[PDB]
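Worksheet: the structure to be examined is printed underneath.
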Amino acid sequence: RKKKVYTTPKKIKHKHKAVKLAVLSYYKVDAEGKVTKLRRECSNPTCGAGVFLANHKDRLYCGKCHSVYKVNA
Amino acid sequence: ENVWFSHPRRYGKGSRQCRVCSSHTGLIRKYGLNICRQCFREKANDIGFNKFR
Amino acid sequence: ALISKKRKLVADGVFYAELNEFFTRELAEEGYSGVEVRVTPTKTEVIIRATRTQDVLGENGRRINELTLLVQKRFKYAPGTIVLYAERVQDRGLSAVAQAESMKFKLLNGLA
Amino acid sequence: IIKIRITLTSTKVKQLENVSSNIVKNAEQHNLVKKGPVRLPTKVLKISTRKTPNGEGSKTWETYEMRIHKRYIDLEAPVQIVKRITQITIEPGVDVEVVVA
Amino acid sequence: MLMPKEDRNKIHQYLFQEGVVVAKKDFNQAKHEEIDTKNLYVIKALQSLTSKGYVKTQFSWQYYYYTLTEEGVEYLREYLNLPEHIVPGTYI
RNA sequence: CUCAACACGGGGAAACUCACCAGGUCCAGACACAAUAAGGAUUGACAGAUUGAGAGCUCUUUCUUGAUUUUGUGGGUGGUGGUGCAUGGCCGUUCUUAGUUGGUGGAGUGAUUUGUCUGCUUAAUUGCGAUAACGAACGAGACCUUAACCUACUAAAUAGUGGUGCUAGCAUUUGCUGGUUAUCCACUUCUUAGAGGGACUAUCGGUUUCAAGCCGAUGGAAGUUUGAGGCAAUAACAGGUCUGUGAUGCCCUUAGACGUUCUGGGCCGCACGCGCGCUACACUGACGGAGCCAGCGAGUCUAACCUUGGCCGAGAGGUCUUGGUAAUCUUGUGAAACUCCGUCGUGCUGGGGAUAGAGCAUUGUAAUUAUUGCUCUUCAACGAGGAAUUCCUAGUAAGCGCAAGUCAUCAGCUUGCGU
Numbered sequence: 080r081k082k083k084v085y086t087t088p089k090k091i092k093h094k095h096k097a098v099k100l101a102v103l104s105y106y107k108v109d110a111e112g113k114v115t116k117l118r119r120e121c122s123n124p125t126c127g128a129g130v131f132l133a134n135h136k137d138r139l140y141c142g143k144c145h146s147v148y149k150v151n152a
Numbered sequence: 004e005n006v007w008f009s010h011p012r013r014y015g016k017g018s019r020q021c022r023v024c025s026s027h028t029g030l031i032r033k034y035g036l037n038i039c040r041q042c043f044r045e046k047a048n049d050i051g052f053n054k055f056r
Numbered sequence: 003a004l005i006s007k008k009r010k011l012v013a014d015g016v017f018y019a020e021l022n023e024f025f026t027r028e029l030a031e032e033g034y035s036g037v038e039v040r041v042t043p044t045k046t047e048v049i050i051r052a053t054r055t056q057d058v059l060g061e062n063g064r065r066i067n068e069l070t071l072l073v074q075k076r077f078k079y080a081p082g083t084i085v086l087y088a089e090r091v092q093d094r095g096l097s098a099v100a101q102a103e104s105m106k107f108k109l110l111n112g113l114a
Numbered sequence: 019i020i021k022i023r024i025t026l027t028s029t030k031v032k033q034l035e036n037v038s039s040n041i042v043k044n045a046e047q048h049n050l051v052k053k054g055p056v057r058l059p060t061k062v063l064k065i066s067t068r069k070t071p072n073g074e075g076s077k078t079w080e081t082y083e084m085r086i087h088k089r090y091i092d093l094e095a096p097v098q099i100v101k102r103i104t105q106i107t108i109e110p111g112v113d114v115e116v117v118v119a
Numbered sequence: 001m002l003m004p005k006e007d008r009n010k011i012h013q014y015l016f017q018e019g020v021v022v023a024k025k026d027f028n029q030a031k032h033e034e035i036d037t038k039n040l041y042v043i044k045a046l047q048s049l050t051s052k053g054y055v056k057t058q059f060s061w062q063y064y065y066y067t068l069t070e071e072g073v074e075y076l077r078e079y080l081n082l083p084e085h086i087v088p089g090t091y092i
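Protein chains in written order, with the authors' numbering: chain Q, 80 to 152; chain O, 4 to 56; chain l, 3 to 114; chain C, 19 to 119; chain s, 1 to 92.
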């Protein structure tokens with residue numbers, strides 16, 4: 080062993096850096112002063128109405144779960 | 004990462020190891036000793052294995 | 003119980019050797035010289051053979067209550083079923099273990 | 019009274035025989051039937067390592083031995099005197115177990 | 001270490017509670033026998049404490065031996081507890 | 001890499017071991033400083049792409065996480081990475097032998113020498129002796145373990161023996177062979193193991209300077225130091241080992257890693273040369289029935305170890321139970337050579353069983369590059385081995401198997417043990 084060749088394409092590629100978007104916590108705001116749910120809550124008893132279900136394409140996906148909460152709609 | 008230590012270690016030289024130095028070569032597991040050949044020879048006197056004949 | 007005497011008597015030996023190497027490493031600075039176990043019903047006891055018992059027995063019971071916990075945590079003894087004593091040394095001028103540690107630490111102070 | 023059995027196991031001859039001697043001496047201090055010490059055959063536990071680390075040199079072998087001596091005494095006694103005689107003769111290196119029946 | 005905060009709390013309280021940790025040199029050992037957390041967490045949390053002081057470690061026969069020093073017992077109070085509590089075997 | 005490398009590294013590697021090869025993750029980069037950062041430092045992920053892969057690897061998507069992380073600068077840590085010609089420890093070897101060294105005195109300018117020796121003796125620098133040496137120390141011996149003897153002591157349903165009850169068969173006449181888990185009693189020859197005894201070359205004879213000894217006979221369990229080991233000097237080797245060690249200096253590397261882990265593969269690949277071995281070349285034999293005899297040992301509680309007995313199966317094996325943490329059960333380990341009766345009949349034949357085909361099982365996550373076992377078939381060389389060369393002196397050589405180590409499975413190896 081003298082050196083390394085790295086015949087694999089030259090990938091020092093790393094993960095997405097927990098992608099830094101702007102401020103995002105927004106239900107919606109009407110005038111004086113009410114707020115209503117968008118990106119609705121989960122059906123989990125252990126998700127006590129505080130989690131947002133992402134809608135990618137015909138999917139509802141929770142992030143409180145490690146992997147999978149699928150209430151599809 | 005769910006594949007990190009996933010290979011089974013239930014028999015053979017990969018599972019067992021020395022209790023003094025954690026090696027896999029020259030292990031003595033007679034009477035449940037689990038000490039390598041070289042480690043046992045340095046402390047056979049403390050265990051109570053003397054050399055008579 | 004429920005262990006054959008062949009495995010029982012051997013396991014007592016390896017337990018002693020593990021204890022002895024522990025105290026050589028731990029009480030190196032107190033002139034340690036040996037141990038002996040007395041396996042009795044109702045709190046098996048351990049005696050430490052070290053010259054400076056005033057150092058091994060720390061301030062107000064520390065430094066041996068710590069070692070009592072360290073042994074019973076590692077060897078899974080019930081609490082209060084092991085106690086550690088320290089009586090000093092019988093004539094430390096004649097123990098080769100104690101005179102080798104004396105020789106060792108004298109070298110580390112840069113003595114010729 | 020009750021039928022009892024005391025089993026002694028050690029790796030030291032000198033430290034074991036006097037303990038059994040104290041057992042029988044306390045047995046006819048206040049007299050009761052002995053079924054005295056029946057010595058089982060000694061067990062020699064042999065470990066045969068090679069001699070070395072790495073295998074250079076003449077292929078020399080060692081053998082190490084641990085000797086297990088075992089003795090059992092089958093006594094009968096009143097319930098009171100059982101505990102005291104089982105607790106007085108306690109010596110390092112000798113493992114004593116007492117079977118109730 | 002990421003080592004989520006509710007697992008520092010289990011580790012640090014138990015070190016305050018007894019003053020000693022032994023913990024079994026084996027990484028990825030899957031739920032250390034005394035504390036409810038992983039054995040990797042126990043070994044790596046107290047490596048962090050040792051480098052800054054606060055605890056002294058001994059290693060023997062694939063086992064660690066952790067002893068809380070006098071500069072660590074005072075620090076571990078405001079981390080977890082109130083004053084006038086004795087961590088180690090100083091309690092008689 | 002001669003003895004002092006080559007069934008050696010306890011090295012019988014399918015994964016693991018593992019150090020090597022093609023690839024994929026992870027940090028297990030402590031702490032300190034500085035920056036980003038509660039308008040979020042950061043972490044994790046469904047489905048699809050992608051991937052050997054149900055690795056959120058990475059990407060598409062948009063949820064979760066919250067101050068531990070991230071980035072940079074120094075370090076830290078790890079390494080079966082290098083150097084055994086930088087070292088420790090261990091071991092081998094010089095070296096199956098008898099050798100080595102102070103103190104005081106003597107010799108010599110001195111390095112050194114004598115002591116530590118002409119002779120005889122011993123396994124021995126073991127002794128008798130001689131003596132410018134005297135008195136000593138280590139090694140040898142002494143010592144310890146083990147194998148042989150004890151009708152002696154101490155007693156044993158975890159070892160036996162005899163009688164006694166109950167009972168089986170046969171003879172019958174009172175006998176012989178048995179069974180009976182404690183029926184009871186008694187004992188310790190055999191077995192066990194504590195303490196001891198016992199051999200000292202004893203008695204006699206012969207030899208030598210008449211000493212140390214040696215030889216022969218008798219007695220004795222034992223007469224080679226009773227047999228076998230263990231232990232084991234001074235000085236050394238550039239002997240081996242950094243791949244036993246959280247033994248270790250220096251060098252290298254330290255995030256696309258030489259760390260670690262995961263899937264695959266390799267270490268086993270074959271024109272060929274060498275070392276240790278196994279099976280053979282048959283009639284002192286092969287095959288088939290029948291007899292039937294050991295010793296050393298190992299064995300499972302929060303884990304599946306040694307397995308009896310019944311049943312199934314040609315076998316390998318399966319299944320239902322049982323005993324055993326063991327002088328109790330496996331186990332009387334009913335081992336093999338061996339012995340008796342028969343078949344073969346001098347024919348590479350019924351010697352030999354390499355190579356190969358098909359099936360059935362077992363261990364394992366996994367058996368292909370056959371793990372191994374079994375069944376049928378295939379039937380190779382080999383007709384006693386040139387020059388060379390090894391080991392061995394009595395319960396030894398050689399033949400013969402058995403247990404243990406390694407082990408989940410694999411013994412053609414080793415360590416012991418008996419015949």
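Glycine residues also receive a C-beta, built at the ideal position from the N, C-alpha and C atoms.
Asked: Delimiting residues of the beta strand (DSSP E) encompassing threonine 46(l); Found: 46 to 52
Asked: Boundaries of the beta strand (DSSP E) in which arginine 9(l) is found, first to last residue; Found: Element bounds for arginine 9(l): not the beta strand (DSSP E) but the alpha helix (DSSP H), 7 to 28.
Asked: C-beta atoms of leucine 132(Q) and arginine 118(Q) nearer than 8 Å; Found: yes
Asked: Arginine 19(O) and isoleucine 31(O) closer than 8 Å at C-beta; Found: no
Asked: Whether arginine 94(l) touches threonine 53(l) by CB criterion (8 Å); Found: yes
Asked: Through-space distance from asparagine 37(O) to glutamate 74(C), alpha-carbon basis; Found: 24 Å
Asked: Cβ neighbour criterion (16 or more within 10 Å) applied to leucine 46(s); Found: buried
Asked: Residues that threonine 67(s) contacts on chain l, provided the C-beta gap is smaller than 7 Å; Found: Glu68
Asked: Host beta strand (DSSP E) of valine 73(s) (start-end); Found: Note, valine 73(s): premise wrong, no beta strand (DSSP E); alpha helix (DSSP H) at 70 to 73.
Asked: Continuous beta strand (DSSP E) stretch holding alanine 88(l): start and end; Found: 84 to 89
Asked: Partners in chain l for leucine 36(O), counting only beta-carbon separations shorter than 8 Å; Found: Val12, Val16
Asked: Beta-carbon proximity list for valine 91(l), same chain, < 8 Å, skipping 5 on both sides; Found: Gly33, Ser35, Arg51, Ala52, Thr53, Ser97, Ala100
Asked: For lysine 30(C) and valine 48(l), the rounded distance between their alpha carbons; Found: 19 Å
Asked: Residues of the stretch 16 to 29 of chain s with Cβ closer than 7 Å to any Cβ of chain O, in chain order; Found: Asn28
Asked: Inter-residue CB distance, residue 8(C) and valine 112(C) (contact presumed, cutoff 8 Å); Found: Residue numbering for chain C in the displayed model covers 19 to 119; residue 8(C) lies beyond these limits and cannot be assessed.
Asked: From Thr67(s), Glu74(s), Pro4(s), residue whose alpha carbon lies closest to that of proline 83(s); Found: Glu74(s)
Asked: Three-way DSSP call (helix, strand, coil) for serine 26(O) in this model; Found: coil
Asked: Under 9 Å by beta carbon: chain l residues contacting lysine 88(C); Found: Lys7
Asked: Closer than 8 Å to chain s by CB, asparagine 22(l); Found: no
Asked: Proximal chain l residues relative to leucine 63(C), where beta-carbon distance stays under 9 Å; Found: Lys8, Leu11, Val12
Asked: Residues of its chain near residue 241(Q), where Cβ-Cβ distance is below 8 Å and the 5 sequence neighbours each way are ignored; Found: Here chain Q comprises residues numbered 80 to 152, so residue 241(Q) is not present and cannot be evaluated.
Asked: Beta-ladder partner(s) of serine 28(C), from DSSP; Found: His87(C), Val112(C)
Asked: Close Cβ partners of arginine 22(O) (< 7 Å) along its chain, the five nearest in sequence each way excluded; Found: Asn37, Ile38
Asked: Per DSSP, cross-strand counterpart(s) of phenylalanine 59(s); Found: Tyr64(s)
Asked: Three-way DSSP call (helix, strand, coil) for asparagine 62(l) in this model; Found: helix
Asked: Sequence-distant residues of the same chain with beta carbon closer than 8 Å to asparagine 9(s), five excluded per side; Found: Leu80
Asked: Coil, strand or helix - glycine 36(l) by DSSP; Found: strand
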